[PDB]
């Protein structure tokens, strides 16, 4: 079924036109973005959108983010746009920021999982914008993965999940940030962070004041998702353990745990910076930015190699690290080992 369009070098418009044609015809198109790859459909066409949920096997109440290329499009999808929304748009769009607002009647309820609110974003990616421009349609698009697998950050990840199952994949290379957009709820004062992501909280806080963090960012079970990445948490075949604390103590803890799970005859994977004696070891990088960029790539490598346990080194809950920790903590099922410097 699928047509793959390599655009990772030059961005020929006639190629993007192929994909834009598929969006118009109510078909599915996977496309790169600065955050992760998205599985897009015409957000105006309710049955096209249904096909996203079906392809992914995604719960109907996990809503979808609508991608736009101009600000006049936000006016069509939302009503009651507050001023703090305009400030954030002006400063951070196009960018890894998603706003939740009151929806207008033009947004089908299948996008919003039944709710009166809609999640909108203007992606900072030439390919994603050009597709939206040439489709002349707003594009509904969660992450382009089978529900339960990790998010995709390259067209390889998309293809291993959906090649032959969806109409089109646009390959624009590995995504630069690597974790999903940040989501702010501007449906109430004060605003509330629903999902930490590509735009760090400190940045947002320079523009609008301090904001509330929704308890979902820290694990708490939510039964209604106002935004994606809040309620579901299949995002694995392996036990995942996160080790947090001072570096030298974490690395020592991981060492004991590799031995322990090998003693139980199990295949051990480790993600982090230390040198370890494991079956599989992915080096994620020195900085938090590099970590976010390689996170999902790493987790997909661990699922491919069929390791029984994944041991991850924590990172500082700061900059991109709030997000990388949030996604790790949602994958391991918050199985965290905290090691401390002793005070006696």
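Numbering follows the first chain given and starts at 1.
Chemist: With residue 235 and residue 236 adjacent in the shown sequence, let me know how many deposited residues between them lack coordinates: none, 1 to 3, 4 to 9, or 10 or more.
Modeler: Count of unmodelled residues in between: 1 to 3.
Chemist: When the C-alpha temperature factors are averaged for each of 257 to 265 and 68 to 76, which stretch ends up with the higher value in the entry?
Modeler: Higher mean C-alpha B-factor in the PDB entry: 257 to 265.
Chemist: According to the deposited model, is the average Cα temperature factor higher in 119 to 127 or in 207 to 215?
Modeler: Mean CA B-factor is higher for 207 to 215.
Chemist: With respect to the C-alpha temperature factors reported in the PDB entry, which of 142, 274, 164, 198 ranks highest?
Modeler: Answer for 142, 274, 164, 198: 274, with the highest C-alpha B-factor.
Chemist: If I read the C-alpha B-factors straight from the PDB entry, which of 279, 61, 45, 54 is highest?
Modeler: Comparing C-alpha B-factors across 279, 61, 45, 54, the maximum falls on 279.
Chemist: Just say lowest, middle or highest third for the CA B-factor of residue 225 relative to the other modelled residues in its chain.
Modeler: CA B-factor rank for residue 225: highest third.
Chemist: With respect to C-alpha B-factor, does residue 35 fall in the lowest, middle or highest third of the chain as deposited?
Modeler: Tercile = lowest for this residue's CA B-factor.
Chemist: Taking the chain's C-alpha temperature factors as the reference, tell me which third residue 315 falls into: lowest, middle or highest.
Modeler: Highest third of the chain for residue 315's C-alpha B-factor.
Chemist: Would you please rank residue 292 by its C-alpha temperature factor against the other modelled residues of its chain and give the third it falls in: lowest, middle or highest?
Modeler: Its C-alpha B-factor, which the entry lists for residue 292, ranks in the middle third among residues of this chain.
Chemist: Determine, from the deposited record, the chain-internal third of the Cα B-factor for residue 147: lowest, middle or highest.
Modeler: As the PDB entry reports it, the C-alpha B-factor of residue 147 lands in the middle third of its chain.
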